[PDB]
Amino acid sequence: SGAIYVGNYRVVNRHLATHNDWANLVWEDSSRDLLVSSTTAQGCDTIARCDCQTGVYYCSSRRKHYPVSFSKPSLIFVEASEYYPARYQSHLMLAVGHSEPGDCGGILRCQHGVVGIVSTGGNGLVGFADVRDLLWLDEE
Ligand SMILES: NC(=O)[C@H]1CCC(=O)N(Cc2cccc3[nH]ccc23)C1
Ligand SMILES: [Zn+2]
(Lines of atoms letter the chains of each structure in order from A and count residues from 1; the text may use other names and numbers.)
(Lines give C-alpha, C1' and ligand atoms only; values in the text may rest on other atoms or scores of the structure.)
(Ligands and ions follow the chains in the order given, each with its own letter.)
Protein backbone atom coordinates (compact mmCIF):
# COMPACT_ATOMS: atom_id res chain seq x y z
CA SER A 1 0.00 0.00 0.00
CA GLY A 2 0.87 3.66 -0.37
CA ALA A 3 -0.12 6.97 -1.92
CA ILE A 4 1.26 10.32 -3.04
CA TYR A 5 -0.38 13.53 -1.63
CA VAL A 6 0.24 16.64 -3.76
CA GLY A 7 -1.93 19.77 -3.56
CA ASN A 8 -5.56 18.60 -3.35
CA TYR A 9 -4.82 15.29 -5.08
CA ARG A 10 -4.28 11.70 -3.90
CA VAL A 11 -2.40 9.32 -6.31
CA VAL A 12 -2.76 5.56 -5.71
CA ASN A 13 -2.38 2.24 -7.65
CA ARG A 14 -5.68 1.94 -9.54
CA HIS A 15 -6.05 -1.67 -8.26
CA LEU A 16 -5.89 -0.47 -4.62
CA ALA A 17 -8.26 2.56 -4.93
CA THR A 18 -11.10 2.82 -2.34
CA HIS A 19 -14.83 3.60 -2.74
CA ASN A 20 -14.04 7.21 -1.68
CA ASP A 21 -11.32 7.50 -4.38
CA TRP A 22 -13.75 6.34 -7.13
CA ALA A 23 -16.53 8.71 -5.80
CA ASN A 24 -13.98 11.61 -5.84
CA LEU A 25 -12.28 10.51 -9.10
CA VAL A 26 -10.22 13.05 -11.02
CA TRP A 27 -8.45 10.73 -13.54
CA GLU A 28 -7.61 6.99 -13.90
CA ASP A 29 -5.87 4.79 -16.49
CA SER A 30 -6.03 0.96 -16.30
CA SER A 31 -3.10 0.66 -18.75
CA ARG A 32 -0.91 2.67 -16.25
CA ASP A 33 -2.32 1.09 -13.03
CA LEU A 34 -2.92 4.67 -11.74
CA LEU A 35 -5.86 6.54 -10.15
CA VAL A 36 -5.99 10.16 -8.86
CA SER A 37 -8.79 11.35 -6.51
CA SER A 38 -9.49 14.76 -4.89
CA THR A 39 -8.80 15.55 -1.21
CA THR A 40 -10.11 18.13 1.26
CA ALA A 41 -6.74 18.71 2.96
CA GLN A 42 -3.53 19.92 1.26
CA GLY A 43 -0.77 17.35 0.73
CA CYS A 44 2.97 17.88 1.25
CA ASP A 45 4.63 15.72 -1.43
CA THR A 46 6.41 17.35 -4.42
CA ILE A 47 6.34 15.58 -7.82
CA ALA A 48 9.73 15.40 -9.61
CA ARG A 49 9.83 17.14 -13.06
CA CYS A 50 12.98 15.64 -14.55
CA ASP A 51 14.50 12.69 -16.46
CA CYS A 52 16.43 11.12 -13.50
CA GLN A 53 17.22 7.41 -13.81
CA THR A 54 18.56 6.96 -10.23
CA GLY A 55 16.67 7.25 -6.93
CA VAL A 56 15.54 5.40 -3.80
CA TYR A 57 12.39 3.33 -3.27
CA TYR A 58 10.64 1.91 -0.23
CA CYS A 59 10.21 -1.89 -0.09
CA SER A 60 7.66 -2.80 2.65
CA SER A 61 8.46 -6.55 2.34
CA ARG A 62 12.04 -5.77 3.50
CA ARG A 63 11.29 -2.62 5.68
CA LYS A 64 14.13 -1.06 3.62
CA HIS A 65 14.80 1.84 1.26
CA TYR A 66 16.98 0.77 -1.65
CA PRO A 67 19.03 2.99 -3.99
CA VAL A 68 18.32 1.97 -7.60
CA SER A 69 19.00 2.72 -11.26
CA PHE A 70 15.79 2.48 -13.32
CA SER A 71 14.77 2.49 -16.97
CA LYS A 72 12.82 5.31 -18.75
CA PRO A 73 8.99 5.03 -18.77
CA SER A 74 8.00 2.47 -21.41
CA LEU A 75 5.33 0.03 -22.64
CA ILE A 76 6.14 -3.33 -20.90
CA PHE A 77 4.35 -6.70 -20.95
CA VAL A 78 3.09 -7.59 -17.46
CA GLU A 79 2.00 -11.12 -16.59
CA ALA A 80 -1.52 -11.91 -15.30
CA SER A 81 -2.14 -11.21 -11.61
CA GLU A 82 -5.05 -11.15 -9.08
CA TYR A 83 -6.11 -7.72 -10.50
CA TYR A 84 -5.44 -7.67 -14.28
CA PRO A 85 -5.15 -10.23 -17.05
CA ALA A 86 -1.80 -10.37 -18.98
CA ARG A 87 -1.42 -7.05 -20.82
CA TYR A 88 0.98 -4.24 -21.74
CA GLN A 89 1.34 -1.59 -19.02
CA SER A 90 2.40 1.87 -20.21
CA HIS A 91 4.66 4.49 -18.47
CA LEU A 92 6.39 1.68 -16.49
CA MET A 93 10.05 1.88 -15.29
CA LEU A 94 12.03 -1.19 -14.19
CA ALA A 95 14.92 -1.66 -11.76
CA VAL A 96 16.78 -4.64 -10.34
CA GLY A 97 15.36 -5.06 -6.87
CA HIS A 98 12.88 -6.84 -4.61
CA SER A 99 9.09 -6.42 -5.02
CA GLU A 100 6.02 -8.42 -3.81
CA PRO A 101 2.38 -7.51 -4.58
CA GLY A 102 1.82 -5.78 -1.21
CA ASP A 103 4.83 -3.54 -1.95
CA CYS A 104 2.66 -1.63 -4.51
CA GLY A 105 2.30 2.01 -3.49
CA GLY A 106 5.87 2.30 -2.17
CA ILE A 107 7.38 5.60 -3.36
CA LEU A 108 10.37 5.97 -5.71
CA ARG A 109 12.05 9.35 -5.17
CA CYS A 110 14.94 11.24 -6.73
CA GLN A 111 16.59 14.58 -5.71
CA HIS A 112 13.64 16.45 -7.38
CA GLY A 113 10.78 14.71 -5.61
CA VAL A 114 8.45 11.77 -6.17
CA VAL A 115 9.05 9.89 -9.42
CA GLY A 116 6.46 7.11 -9.18
CA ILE A 117 5.06 4.26 -7.11
CA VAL A 118 5.76 0.49 -7.05
CA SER A 119 3.32 -1.24 -9.44
CA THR A 120 4.97 -4.54 -10.65
CA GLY A 121 7.63 -7.07 -9.63
CA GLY A 122 8.95 -10.60 -9.60
CA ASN A 123 12.03 -12.37 -11.09
CA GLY A 124 14.34 -9.99 -9.16
CA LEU A 125 12.84 -6.88 -10.79
CA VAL A 126 10.70 -4.04 -9.46
CA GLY A 127 8.51 -1.84 -11.66
CA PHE A 128 7.30 1.67 -10.97
CA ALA A 129 4.39 3.58 -12.45
CA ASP A 130 5.76 7.01 -13.51
CA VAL A 131 3.89 10.18 -12.42
CA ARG A 132 6.39 12.86 -13.67
CA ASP A 133 4.46 13.47 -16.91
CA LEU A 134 1.16 14.32 -14.99
CA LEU A 135 1.90 18.06 -14.96
CA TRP A 136 -1.58 19.04 -13.90
CA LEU A 137 -0.79 17.50 -10.43
CA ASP A 138 1.22 20.80 -9.82
CA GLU A 139 -1.77 23.10 -10.58
CA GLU A 140 -5.49 23.67 -9.61
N1 LIG B 1 0.49 -3.33 -12.20
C2 LIG B 1 0.03 -4.57 -12.20
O3 LIG B 1 -0.32 -5.17 -13.22
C4 LIG B 1 0.02 -5.26 -10.84
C5 LIG B 1 -1.40 -5.52 -10.34
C6 LIG B 1 -1.37 -6.18 -8.95
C7 LIG B 1 -0.34 -7.26 -8.75
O8 LIG B 1 -0.44 -8.04 -7.81
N9 LIG B 1 0.66 -7.37 -9.67
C10 LIG B 1 1.70 -8.39 -9.48
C11 LIG B 1 2.92 -7.91 -8.72
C12 LIG B 1 3.05 -6.59 -8.28
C13 LIG B 1 4.13 -6.18 -7.50
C14 LIG B 1 5.11 -7.08 -7.11
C15 LIG B 1 5.01 -8.39 -7.57
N16 LIG B 1 5.83 -9.48 -7.35
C17 LIG B 1 5.30 -10.57 -8.00
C18 LIG B 1 4.15 -10.23 -8.63
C19 LIG B 1 3.94 -8.83 -8.37
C20 LIG B 1 0.81 -6.58 -10.90
ZN1 LIG C 1 14.89 13.87 -10.64
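Indices start at 1 and increase along the chain as displayed.
Structure method, as recorded: X-ray crystallography, 1.3 Å.
Every residue, even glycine, has its Cβ placed from backbone N, Cα and C.
Per Swiss-Prot, these features apply:
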- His15: active site, for protease 2A activity (ACT_SITE)
- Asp33: active site, for protease 2A activity (ACT_SITE)
- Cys104: active site, for protease 2A activity (ACT_SITE)
- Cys50, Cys52, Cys110, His112: Zn(2+) 1 binding site (BINDING)
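Proximity of the recorded positions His15, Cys104, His112 to ligand 2, judged by a Cβ distance under 6 angstroms to any of its atoms, singles out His112 in sequence order. The number of other CB atoms found within 10 A of the CB of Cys110 (Zn(2+) 1 binding site), across every protein chain shown, is 18. Checked against ligand 1, the recorded positions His15, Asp33, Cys50, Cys52, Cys110, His112 give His15, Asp33 in sequence order as having a Cβ less than 6 Å away from one of its atoms.
Here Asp33 (active site, for protease 2A activity) is compared against the recorded positions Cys50, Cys104, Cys110, and the shortest C-alpha distance is to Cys104. Each residue contributes its Cα atom, and for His112 (Zn(2+) 1 binding site) and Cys104 (active site, for protease 2A activity) these two points are 21 Å apart.
Same-chain residues at least 6 positions away in sequence with a Cβ under 8 Å from that of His15 (active site, for protease 2A activity) are, in sequence order, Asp33, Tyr83, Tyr84, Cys104.
Sequence-distant contacts of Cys52 (Zn(2+) 1 binding site), defined as residues of its own chain at least six apart whose C-beta falls under 8 angstroms from its C-beta, comprise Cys110, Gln111, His112, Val115. Each of the recorded positions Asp33, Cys50, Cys104, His112 was scored by the other Cβ atoms within 10 Å of its Cβ; the lowest score goes to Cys50.
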